[PDB]
Amino acid sequence: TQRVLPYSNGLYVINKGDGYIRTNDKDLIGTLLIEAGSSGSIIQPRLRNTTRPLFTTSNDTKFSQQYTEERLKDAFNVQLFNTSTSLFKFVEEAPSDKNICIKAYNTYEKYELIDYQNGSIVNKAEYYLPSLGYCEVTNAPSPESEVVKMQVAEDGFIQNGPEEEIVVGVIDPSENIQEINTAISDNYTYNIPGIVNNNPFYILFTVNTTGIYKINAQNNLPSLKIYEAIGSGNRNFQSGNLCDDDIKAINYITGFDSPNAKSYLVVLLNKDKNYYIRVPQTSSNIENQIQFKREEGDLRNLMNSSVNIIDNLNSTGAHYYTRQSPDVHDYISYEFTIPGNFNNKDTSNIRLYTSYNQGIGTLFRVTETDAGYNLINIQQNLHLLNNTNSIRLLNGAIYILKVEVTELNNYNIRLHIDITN
Amino acid sequence: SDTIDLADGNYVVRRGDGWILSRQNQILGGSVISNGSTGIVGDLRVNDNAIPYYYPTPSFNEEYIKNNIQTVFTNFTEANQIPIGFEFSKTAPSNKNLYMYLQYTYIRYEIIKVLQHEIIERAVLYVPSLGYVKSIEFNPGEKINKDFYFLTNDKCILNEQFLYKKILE
Amino acid sequence: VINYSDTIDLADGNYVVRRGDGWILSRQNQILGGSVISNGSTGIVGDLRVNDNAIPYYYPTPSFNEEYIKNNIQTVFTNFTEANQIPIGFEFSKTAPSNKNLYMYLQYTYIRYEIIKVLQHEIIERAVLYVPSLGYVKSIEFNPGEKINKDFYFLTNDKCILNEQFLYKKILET
Amino acid sequence: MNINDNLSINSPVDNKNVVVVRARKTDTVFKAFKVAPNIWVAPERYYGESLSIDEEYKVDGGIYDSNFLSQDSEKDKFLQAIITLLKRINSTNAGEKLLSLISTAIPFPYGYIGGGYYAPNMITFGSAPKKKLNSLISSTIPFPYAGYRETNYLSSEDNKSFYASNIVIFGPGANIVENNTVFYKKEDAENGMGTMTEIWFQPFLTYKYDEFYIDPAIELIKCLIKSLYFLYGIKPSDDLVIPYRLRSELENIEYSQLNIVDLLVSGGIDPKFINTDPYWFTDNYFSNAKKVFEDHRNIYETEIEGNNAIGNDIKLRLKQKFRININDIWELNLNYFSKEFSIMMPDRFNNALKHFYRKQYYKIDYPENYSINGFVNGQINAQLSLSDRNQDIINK
Ligand SMILES: [Mg+2]
Ligand SMILES: [Mg+2]
Ligand SMILES: [Mg+2]
Ligand SMILES: [Mg+2]
Ligand SMILES: [Mg+2]
Ligand SMILES: [Mg+2]
Ligand SMILES: [Mg+2]
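Undergrad: Can you help me understand the environment of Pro56(C) in this one?
TA: You can see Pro56(C) is positioned in the loop between strand 4 (42–46) and strand 5 (57–59). For the pair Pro56(C) and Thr81(C), spaced 25 residues apart in sequence, the C-alpha to C-alpha distance is 9.4 Å.

Written out as structure tokens, the structure reads:
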């Protein structure tokens, strides 16, 4: 009964809400007993700015306090950890009938730095940033009631604020970032430098023409991931040049983590925004190039998604392919070739389905026409989750299936090709 | 209190917030407002008024109490350097006089020694948390109850707590 | 899908522009902290700063450096460098309704100044400057476990909670 | 209190005990470690002096090495040696009192920006909504609450963080066998306000005088005592000097002289001829410094005391600072600590030793050659090795 997190491999900072206090009244500023008709004020006037942030970690040599603070600075651009000039005051007017207790607690905002890999958190740190207080009002306890003995609770935190989960990916500081200072023309070839010796790295670039781009590597290997710099281009700007705002907060768009998977990215890019492209660790000394090409034909129908190239579909029978599933309402595509020689009359019975995740699939066929590269929409609204319907497809033909994840039930998505005849 | 259901040893206990000391009620002063006015009496917990009051025992000296309490409960040495204000406001009715007096509230901590499930030793620390005021509308020459002014023994204006942790050797 | 168009109907040259008051920045919404009040209590948040100045956010260009930007903005507009020495303060008061919890959080507002280079009825270069003006709070009444709109907490791109302005003057070397 | 022990040259910068701060106003920056409240150690050479100087400007008997205290291993050895010496000083009641006095003798902070020590300006905050319109129902707070501008602080490299500091213990300057005590601001050092004090100390080298080695702890104590004149702003005029030794070696009549602070701090037999029960030597400095000390005490007693818009961290330290009298500082010297610690020291003309005999330097190692109990096997039978630098001594 574990909820699925569709995040890609990398480092994330999550704002997990406000109004966190410690157990056993560790953060109790104090209690006011306000008589009937009276008012009660509790002020933090910030006569001294000092605050006391809290920090726990699953590993102090990697997710240290300095490292966690820098990641917080990358995600939400926080810059005051130990100090704060922001005041907060609570006023409660007791009604004319009864008395009122008010309890004022110092609060914290719970940021969580996670290192998400293969659908499981491998490292995790909690930074509690000094917040602006919590006040609970209660009826005055009737004298004298009666006291119940209690053991102190375990060290922990209680949230009194609203539910909140704001996930922001951040740039890994151990991976070098290469910046393309001039804007991206409709066609470009980036030569991966020899300095980054097959280490995973980012390419920061802007685009000249708003539109859909196919981005890949040589032979579509390795797979690439693409992020958008959050809030980029709302500030200093020079025409045709990449005005970089030191924005390390990144929004995942699409891309596969498996470096052995053949894939190419079809993604819509804006000329006002800046984008990161992560290429993973290659286990070879292979010189590689990142090919950017503005798409004008029918491939515009594949945005935004990574298209997975299927090679071993060279026999009849059962095949299945497992890849990192996208989030809800996101896309993943598969380009595959039906086995057998193509003569436009030989056909085979194909069944497409998924095992756990529900999705809506659109099937395109690749044919060369007067225009050239051309996708023909041949199947719409195919519900892949344990789908029972099959279709006859031409042997030796290329097909592209675009799947939109409508229900997330597993970290991976398993698409099967069942070929009879 | 005697014979608790605890194993032998030493314990740190939090008794809750809202403790007012005996005979200390009106030592801070009072205000007399009248005829539709509003009186606001308050204080700022900083420095000398934030210094806690200790009451040790032969086994539990000042350092033992302070270190154990701060290890388990809120660290009051750091937190009392940051000023914290509080205030109370009351409005006098028309053609009448109202009196209001202020007294600090304290967090009451205890260091207790249990031997054969019976408390044989208790040391007490009062940490100045905040304040509490009491008001009454009075006529010229009217008698006032002795309970409003004076307090005989230390008491908690709220529900008392008992949060215990065994002190490890 | 949405485009920002950099052509402007101004002459060719360099221009200092005040874009107005009440600018909030991306991802910096809840970095100041928030207050949670409950059941008829009044929460008051604010910020008074004896501390002369809050840092201004520069975003300059090759043509317009910080010296250029600062000198021109202070020459035409508010002398912010020295005016930041004088104190400033504000407050916001909200009342939680009965048997309901309210959450409020504060963020700084800014004056957005721009240095634009206009060439053939189009801006070819723009430098930006945020000067801290005042604060702005956002609140919500919530229940335990209630899902909250993601836009209440997080802001993807810079915006102006007020009406944007364009108060320009053509920069002339004198 | 006790000196902080968990410090290493590689200890991470935490902005509490390990800081990286600017040197005065220059573009130079150094790493410092807080050992006691308002007491720091910077295990590097002193920034203010060039480590390579002219051959004409090298003093007689000095040793010059530009590459000393450059490695991090040397820095850690220096830091641990200073920590050991401070622990030894704090292990005795007299030395512990001296260290506590240094910790509490903060320089007098300047008043509010507009000028004055008396009171803040107050301000109003808060409101009750409403029938009533509770607009003036609110809280009142003193506006600055800290307006006193302290002069004893190290500024971080970004110039955004400030750390209180009374004493910083540096390494040697150009001359590595010359301990020294310098002031942050001369004006504040002489006007009774007081100023931060910096110390150049050499803990790795001593010299043998008449069958015993000089204890580095008492050399540090001399520097610490001299720092009291700067902390209390009672540094006399530079012209206040006393005759110390008639230069009978020269053909003509010539007197060597010494500053009154060096005489009153170094101790020995010499200062007894100047400090007499009936004073025979007087100057405007004594009365004037007593007057300015009384002035600052009055400033505290009348203004700073009755001002509850100050943290205790300033006014309580001022309270303990003015518990001492000026004559206490004047009467304080090295003989008292020589008796208290049972430490042997030169007694005759201890500031003119460079003339009477030729020092040879022995290397001190910690904790093998020197522990919290002083030298192992005492100052007489200590197994010390002649330093390799005895050949580098300038002979003028
Ligand atoms: Mg927890
Ligand atoms: Mg182009
Ligand atoms: Mg188009
Ligand atoms: Mg694989
Ligand atoms: Mg599998
Ligand atoms: Mg604490
Ligand atoms: Mg305006």
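Undergrad: How should I be thinking about the interface of chain C and chain D in this particular structure?
TA: How big an interface is tends to be expressed through the accessible area that disappears when the partners come together. Each side of the interface is counted separately: chain C has 10 residues, and chain D has 8 residues. Roughly 700 Å² of surface becomes buried between chain C and chain D when both sides are summed, with 77% attributable to carbon and sulfur atoms. Its largest share of buried area at the contact with chain D, chain C owes to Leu48(C), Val50(C) and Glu91(C), together 59% of the area lost on that side. Linking chain C to chain D there are 0 salt bridges. Between chain C and chain D we count 2 residue pairs in polar contact in total. Broken down by secondary-structure element, the contributors of at least two residues to the side of chain C that touches chain D are strand 4 and strand 6 (91–95) of chain C. For the side of chain C that touches chain D, the element with the most residues is strand 4 of chain C, which contributes 4 residues.

Undergrad: Would you take a moment to explain the sheet that holds strand 4 of chain C for this structure?
TA: Picture the strands of a sheet paired through backbone hydrogen bonds; they go either parallel or antiparallel. Reading across the sheet, the 6 strands line up as 4(B)-6(B)-4(A)-6(A)-4(C)-6(C) and stay open at both edges, with antiparallel pairing between neighbours. Edge positions in the open sheet fall to strand 4 (38–45) of chain B together with strand 6 of chain C, since each of these has one partner strand only. Each adjacent strand pair in this sheet contributes to an overall mean axis angle of 15°, direction not counted. Two strands pair when backbone bridges link them, and strand 6 (residues 87–93) of chain A and strand 4 of chain C are joined in this way by 5 bridges, in the antiparallel orientation. Within strand 4 of chain C, the residue paired with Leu87(A) across the bridge is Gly46(C).

Undergrad: So what exactly am I meant to see when it comes to the sheet that holds strand 2 (residues 29–36) of chain D here?
TA: All names here are of chain D. Across the sheet, 6 strands lie side by side as 1-2-3-8-10-9; this open sheet has mixed pairing. At either margin of the open sheet sits one strand with a lone partner, and together these are strand 1 (18–22) and strand 9 (180–183). With strand direction ignored, the average angle separating the axes of adjacent strands in the sheet is 30°. Strand direction decides the pairing type here: strand 3 (residues 39–41) and strand 8 (residues 167–170), joined by 3 bridges, are parallel. Counterpart to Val 41 in the pairing with strand 8 is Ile 169.

Undergrad: I'm lost on the pattern of salt bridges in this one. Help?
TA: Proximity of charged atoms lets side chains of opposite charge pair with each other. Across all of its chains, the model carries 46 salt bridges over all chains by this definition. Of the charged contacts in the structure, one is a salt bridge between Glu126(A) and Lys124(A), with a shortest N-O distance of 2.6 Å. Residue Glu126(A) is classed as buried on the basis of its relative accessible area, which comes to 10%. On the basis of relative accessible area, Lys124(A) is assigned to the partly exposed category, the value being 30%. Residues joined in a network through salt bridges with shared partners are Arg15(B), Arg108(B), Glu110(B), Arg122(B) and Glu160(B).

Undergrad: Help me understand the nonpolar core in this model?
TA: Across soluble globular proteins, nonpolar side chains have a tendency to be buried as a group. By size, the foremost hydrophobic cluster in this structure holds 101 residues, and its most contacted members are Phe76(A) and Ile69(B). Counting residues per element, this core draws most heavily on strand 7 (residues 101–118) of chain C, which supplies 7 residues. Excluding anything up to four places from it in sequence, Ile69(B) contacts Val12(B), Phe76(B), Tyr109(B), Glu110(B), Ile111(B) and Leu125(B). Within the second largest apolar cluster, 99 residues are counted, among which are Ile89(D), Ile199(D), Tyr232(D) and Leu263(D).

Undergrad: Whenever I open this one, the environment of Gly22(C) confuses me. Can you help?
TA: Residue and element names in this part refer to chain C. Topologically, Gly 22 is positioned in the loop between strand 1 (13–18) and strand 2 (23–24). Assessed through its relative accessible area of 2%, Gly 22 is described here as buried. Residues in contact with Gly 22, not counting those within four places in the same chain, are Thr 109, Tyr 110, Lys 159, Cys 160, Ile 161 and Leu 162.

Undergrad: Help me understand the interface of chain C and chain A, please; the structure alone is not making it clear to me.
TA: Every contact between the two is made by 57 residues of chain C and, on the other side, 52 residues of chain A. At the boundary of chain C with chain A, total buried surface from both sides reaches about 4,300 Å², with 47% on carbon and sulfur atoms. Counting every contact that joins chain C to chain A gives 1 salt bridge. Here chain C and chain A share 27 residue pairs in polar contact between them.

Undergrad: Mind showing me how you'd approach unusual backbone geometry here?
TA: The general pattern is negative phi for most residues beyond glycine and trans for most peptide bonds. For the bond from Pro143(A) to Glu144(A), the omega torsion is 0°, close enough to zero to count as cis. Inspection of the secondary structure assignment puts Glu144(A) in the loop between strand 10 (134–139) and strand 11 (150–151). In this chain, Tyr366(D) is followed by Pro367(D) through a cis amide linkage whose omega measures 0°. Tracing the sequence through the fold places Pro367(D) in the loop between strand 15 (361–363) and strand 16 (370–371). For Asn38(D), which is not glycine, the phi torsion reads 65° and is therefore positive.

Basis of the calculations
- Residues numbered from 1 in each chain as written, not as in the entry; some residues may be left out.
- Chains lettered and ligands numbered in written order.
- Part of a larger assembly, values for the part shown.
- Heavy atoms only, no water.
- Residues with missing side-chain atoms left out of burial classes, pairs and counts.
- Helix = DSSP H or I, 4+ residues; strand = E, 2+ residues; numbered from the N terminus.
- Contact = heavy atoms within 4.5 Å.
- Buried area = accessible area lost by both parts, 1.4 Å probe.
- Salt bridge = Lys/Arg side-chain N within 4 Å of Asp/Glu carboxyl O.
- Polar contact = N/O pair within 3.5 Å; in protein donor to acceptor, adjacent residues only side chain to side chain.
- Pairing = 2+ DSSP bridges.
- Axes fitted to C-alpha atoms, helices over the stretch in contact; angles between N-to-C directions.
- Buried < 20%, exposed > 50% of the residue type's maximum accessible area, 1.4 Å probe, protein only.
- Core = buried A, V, L, I, M, F, W, Y, C linked by side-chain atoms within 4.5 Å.

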